[PDB]
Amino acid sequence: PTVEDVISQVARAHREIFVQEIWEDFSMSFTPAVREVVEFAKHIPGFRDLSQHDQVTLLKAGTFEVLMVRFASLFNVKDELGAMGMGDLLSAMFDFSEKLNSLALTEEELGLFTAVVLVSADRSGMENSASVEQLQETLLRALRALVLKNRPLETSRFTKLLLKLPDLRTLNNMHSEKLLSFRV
């Protein structure tokens, strides 16, 4: 659809949807967060035209990275929780978010960036990888428009945002294997 519809639709969905006791507490944070990401995805123009398999494959591949972006905003200035093994994670999450906040993304930019991250996940296992890619390009097209309407003289603004993607792949490849804990 039109660049304006996509921006509007995504931004709206983003606005609406978003001792060892510490480890248990962190551990159960993820369940509602993952469900928030799943609901957001459903509001992304074209996501629910992908096959069930491809939808599910993208969320599995891309949800951790989206959570890295969401934590980013939910961080701080001050900021510990090292002793649970979430040390190098939440400390990696802090440094990433610092970087992200330097861009000073508006809520529309952040919402649309977040959507770009989800559909920019690794595509190993796609039934129709081409459909996933058309969706990615649609979203990146909108993001580029948005960013250039917003800041015409910063022409590498979109470039900087796109550079967050390798970073997210790295955080993903290093920390998605961190252990959670749930009292049986």
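Just count from 1 along the sequence shown to find any residue number.
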So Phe18 and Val19 are neighbours in the shown sequence, but is anything from the deposited sequence left out between them? Give the count as none, 1 to 3, 4 to 9, or 10 or more. 10 or more
According to the entry, are there none, 1 to 3, 4 to 9, or 10 or more residues of the deposited sequence without coordinates between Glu107 and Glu108? none
Comparing mean C-alpha B factor in the record for 122 to 130 and 32 to 40, the higher one is 122 to 130
Of the two stretches 41 to 49 and 111 to 119, which shows the higher Cα B-factor on average in the entry? 41 to 49
Chain third (lowest, middle, highest) by recorded CA B-factor, residue given as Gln136: lowest
Can you work out whether the C-alpha temperature factor of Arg144 puts it in the lowest, middle or highest third of the chain? lowest
Chain-relative CA temperature factor third for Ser27: highest
Taking only the Cα B-factors deposited for this chain, tell me whether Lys60 sits in the lowest, middle or highest third. lowest
Could you place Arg70 in the lowest, middle or highest third of its chain by Cα temperature factor, using the values in the record? highest
